[PDB]
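Reading through the structure tokens given below for one structure.
2 protein chains.
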Amino acid sequence: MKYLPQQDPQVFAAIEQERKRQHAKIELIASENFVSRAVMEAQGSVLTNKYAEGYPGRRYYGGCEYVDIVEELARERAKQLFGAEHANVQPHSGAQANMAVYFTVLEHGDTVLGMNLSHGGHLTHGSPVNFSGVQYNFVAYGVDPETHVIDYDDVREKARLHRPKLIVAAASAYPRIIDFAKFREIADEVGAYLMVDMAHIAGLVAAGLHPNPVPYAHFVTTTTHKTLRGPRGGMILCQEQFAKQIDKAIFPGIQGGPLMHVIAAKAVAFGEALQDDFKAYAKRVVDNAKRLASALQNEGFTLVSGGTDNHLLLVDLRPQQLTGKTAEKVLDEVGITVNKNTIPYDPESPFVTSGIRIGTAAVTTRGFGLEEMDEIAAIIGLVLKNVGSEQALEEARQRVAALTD
Amino acid sequence: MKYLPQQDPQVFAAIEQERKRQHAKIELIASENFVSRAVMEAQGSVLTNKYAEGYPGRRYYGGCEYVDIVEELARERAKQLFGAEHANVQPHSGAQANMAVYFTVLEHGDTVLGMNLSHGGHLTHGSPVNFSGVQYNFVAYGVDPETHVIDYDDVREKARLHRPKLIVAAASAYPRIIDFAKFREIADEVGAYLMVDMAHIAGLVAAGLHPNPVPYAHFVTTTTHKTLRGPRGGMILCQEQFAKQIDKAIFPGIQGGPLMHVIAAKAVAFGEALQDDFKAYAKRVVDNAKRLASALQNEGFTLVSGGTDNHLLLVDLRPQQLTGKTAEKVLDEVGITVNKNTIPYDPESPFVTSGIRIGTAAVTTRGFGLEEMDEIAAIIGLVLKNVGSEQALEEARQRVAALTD
Ligand SMILES: Nc1nc(=O)c2c([nH]1)NC[C@H](CNc1ccc(C(=O)N[C@@H](CCC(=O)O)C(=O)O)cc1)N2C=O
Ligand SMILES: Cc1ncc(COP(=O)(O)O)c(CNCC(=O)O)c1O
Ligand SMILES: Cc1ncc(COP(=O)(O)O)c(CNCC(=O)O)c1O
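In order, the protein sequence lines correspond to chains A and B.
Heads up, the first sequence is in the authors' numbering, so the first residue is 1 and it goes up one at a time.
Heads up, the second sequence is in the authors' numbering, so the first residue is 1 and it goes up one at a time.
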């Protein structure tokens, strides 16, 4: 950094603190990752200066000649990656992406079937304190009480009982592969659209390690920053019969000017995803996730669903008579960054919760493999099973320190 | 740029073309500007990797220690700048800022008084192809058909007729000062809330060159990238009495995790506006708009409202028999970037228009003064009064190139 340190030592100090913390801690938040320098250079570019309301070739402003190239690259690399018919790379968030789809297909008060929030569903899938749950009438479907796998009989029963205008599939915390085909079938049965929110698993879908929802859904929404390893932003993929409406939902509907600089970073992120070692990288996340789980089970921990088929895991903390809030706190001292997360049928609420959610995308990006996963679990065991021991804490500290050197 | 040109030649080439275009053309788009290198560096930082749903000290994730300072610098510097009691620096956009205000105070279908889109109002101030107009009952107030100044008598009439729950004040293409005192007076008569969208005029308000709306409005919304000269994003300003409700609207309401990297650049831009130099700048911005308006009228051009009191000016192109769309394309041919803009009581639709909107924020940023403004209007007169003349176009190009080097 050149001009920042000289003009804003306060902001620069904060960013340097953050740049060091990212290397110091062992980052297990499942949502997170670390982008390349190419990706940062694109969002730190001068594309922030351009107003480009509209779409490539159909803008509301002059001079969008070169910013149209960047959007088309993003769109055509996105279509190459997921094999969708159309792509909208302007959504600012995963939330704005969801909001735009819902905007396009639903009316105020329509009924929507989305995954139960404490079973794995996301905020924008029906929380009553989110716009989705205020704007629309969401009914939830859940996971099996003992296997913690989506109950497809439950999904079809809710579907037929509530007759939803659209069905949402996917999650923020479900460690198992989601069967898009059954979702498509149930929706056809009741004449509902299908929306797949692939945010968490988009990089895994991209590398062939998770079934692709594109062939089965009308609308596919994603973030560009979780397993896809891109800039913070959103994206909508859809059949070409919904394209004109999807694009109008984004603009002139819920958004204003896109973030061309972030759209250039999405373009770079997708570029990286199309390359062969992204497929390689993705396999290690999933392998590392598998390994981490097993290592955790060996330390005596209980995992919701018994393990994972993707990048994240959900620890049911109860048997260490722990809550997810203290677990989270405790590991933040020793350098492990996780996030408290409700568990299916959690006996407590989503402010305290009974578990921690963990993922390997970030550490895998920094080069950790199987044997370093074994140690992460070891340290989590040492720490969580001996919560007030200052000696356990400090031991934890050197071992984390030994991993991030 | 270090890694981009080697990682991604296709993206790098388009970013580089944009950069060249930004220097070679005369960027007159009124909502555009050029950010500092310090601002871009913050945007290209590692702060994009951090999930930070929540607010500083009240996150739903660990490791937010540094990002919390980033967000407090932005809020505290914003409050210094505009004297608000509370500030939300999380809106991804000016669209999302507005949406969060509406989500907090209005209930689906509620009646809102906003400025008409063709007399100057913004898309999110009631357009029927926008969520604002689809989600709420928007009635519009307009400008005098002769003097093109907001008709406060009209505002007050509609308020009493329609008794909205909220009155929106401000715009995208009004070139005169907005009297916030009368707006609040009217809102108070009819028991409505008053929200001011100062997106276009934040830098001026910050600099003491436009009456500040903060003391008259319950809510103040703004973008950070227009006359404020910050990164692309939004911000909400409000009285303590509404803060909690405003923060909840942004999250868990309408957004997900914030763009922490973008909040870092907002804090940088607020620091820059807090400096003494920024007041010099904004004074020149308006003086340049005054001089370019007068210069424009010397070449025969009619201006909506007779001139400008701010950073913006609107050309009614009817007298010279051209559409807004035609003027824009021709001016793009000689290297002058503007945007077609509807004009009050426009006989043309929003993609053709009978006018062009011009602003001096960005060219002032790049150092242009009074004499360059005389040249610009001369180059603009030359071109729009000789559209068929290829010899006129080449001359124009050279004068542009002489101005931008
Ligand atoms: N007064 C004013 N308000 C604004 O909100 C605004 C400006 N000017 N100028 C520039 C920028 C341009 N935005 C637009 C974008 C779409 C439409 C819109 O009404 N489109 C209609 C009909 C257009 C057609 O001819 O294709 C639609 O059907 O899409 C209008 C202004 N902008 C705000 O961003
Ligand atoms: C399934 C799913 N869908 C949308 C989002 C929204 O993203 P944002 O950029 O934050 O608006 C998410 C993000 N989840 C946060 C987390 O999992 O921690 C998501 O998982
Ligand atoms: C008055 C006014 N209010 C909000 C916005 C929103 O901005 P964005 O970041 O693009 O969502 C704007 C934007 N102006 C567009 C234009 O005037 O060029 C605005 O003017």
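C-beta: ideal position from N, C-alpha, C; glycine also.
Nearest Cα to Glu32 of chain A within the set B:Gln17, B:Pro213, B:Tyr61, B:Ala38: B:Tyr61. Scanning B:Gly83, B:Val134, B:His86, B:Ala74 for the CA closest to the CA of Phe103 of chain A turns up B:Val134.
In the three-state reduction of the DSSP assignment, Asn116 of chain A falls in the coil class. Counted as a single uninterrupted DSSP element, the alpha helix (DSSP H) harbouring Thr104 of chain A occupies residues 94–105.
The C-beta distance from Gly94 of chain B to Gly234 of chain B rounds to 5 Å, short enough to fall under 8 Å. Within the stretch 47–65 of chain A, contact with chain B at the beta-carbon level (separation under 8 Å) is assigned to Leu47, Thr48, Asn49, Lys50, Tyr51, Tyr60, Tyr61, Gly62, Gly63, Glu65.
Contact between the stretch 198–218 of chain B and the stretch 41–56 of chain B is absent, with fewer than three C-beta pairs closer than 8 Å. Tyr345 of chain B and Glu189 of chain A have their C-alpha atoms roughly 51 Å apart. Closest by C-alpha distance to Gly381 of chain B, out of B:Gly367, B:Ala402, B:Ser294, B:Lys325, is B:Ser294. Residue side-chain check: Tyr60 of chain A keeps its Cβ at 6 Å or more from all non-hydrogen atoms of ligand 3.
Sequence-distant partners of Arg318 of chain A (beyond 5 residues in either direction) whose C-beta falls short of 6 Å from its own C-beta, in its chain, are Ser354. Neighbours of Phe242 of chain A in chain B, taken as residues at a C-beta separation under 7 Å, are lacking, since the least C-beta distance is about 17 Å. Residue-level contact by beta carbon holds for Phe34 of chain B and chain A, with a gap shorter than 7 Å. Cβ atoms of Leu303 of chain B and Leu313 of chain B come within 8 Å of each other, at about 6 Å. A Cβ-Cβ distance of about 4 Å is found for the pair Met195 of chain B and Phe219 of chain B, placing them in contact under the 8 Å criterion. Under the three-state reduction of DSSP, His210 of chain B is assigned to coil, being neither helix nor strand. When 7 Å is used as the limit between beta carbons, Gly44 of chain B is near these residues of chain A: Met40, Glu41, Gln43, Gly44, in chain order. Contact note: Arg366 of chain A does not reach chain B at a C-beta cutoff of 7 Å; the least C-beta distance is about 11 Å. The C-alpha of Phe180 of chain B lies about 10 Å from the C-alpha of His210 of chain B. Judged by their CB atoms, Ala87 of chain B and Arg75 of chain B are nearer to each other than the 7 Å cut-off.
If you check the CB distance, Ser36 of chain B and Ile15 of chain A do not come in under 7 Å.
Contact check between the stretch 127–147 of chain A and the stretch 100–116 of chain A: three or more CB pairs, one atom from each, fall below 8 Å, which counts as touching. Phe34 of chain A: not part of any alpha helix (DSSP H); DSSP gives it neither H nor E. With a threshold of 7 Å between beta carbons, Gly253 of chain A makes contact with chain B. From the listed residues A:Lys244, A:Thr124, A:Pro213, A:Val338, the smallest Cα separation to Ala377 of chain A is found for A:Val338. Listed as beta-bridge partners of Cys238 of chain B by DSSP are B:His86, B:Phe219.
Going by DSSP, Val334 of chain A is part of no alpha helix (DSSP H) at all; its letter is neither H nor E. Residue contact with chain A for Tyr102 of chain B: absent (no Cβ-Cβ distance below 7 Å to any residue of chain A). Nearest to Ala217 of chain B by C-alpha distance, out of B:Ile186, B:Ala206, B:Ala207, is B:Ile186. Distances from the CB of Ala265 of chain B to the heavy atoms of ligand 2 are all 6 Å or more. Distance from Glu371 of chain B to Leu403 of chain B at the Cβ level is roughly 10 Å; contact not present, criterion being Cβ atoms closer than 8 Å. Contact of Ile358 of chain B with chain A is not assigned, every C-beta pair being separated by 7 Å or more. Residues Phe12 of the same chain have their beta carbon placed closer than 6 Å to that of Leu4 of chain A, with the five preceding and five following residues left out of the count. Here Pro258 of chain A is buried. Its C-beta has 16 or more other C-beta atoms within 10 Å. Counting only Cβ-Cβ distances below 8 Å, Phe131 of chain B has contacts in chain A at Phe103, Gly253, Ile254, in chain order.
Relative to the Cα of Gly121 of chain B, the nearest Cα in the group B:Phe82, B:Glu157, B:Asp151, B:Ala169 belongs to B:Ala169.
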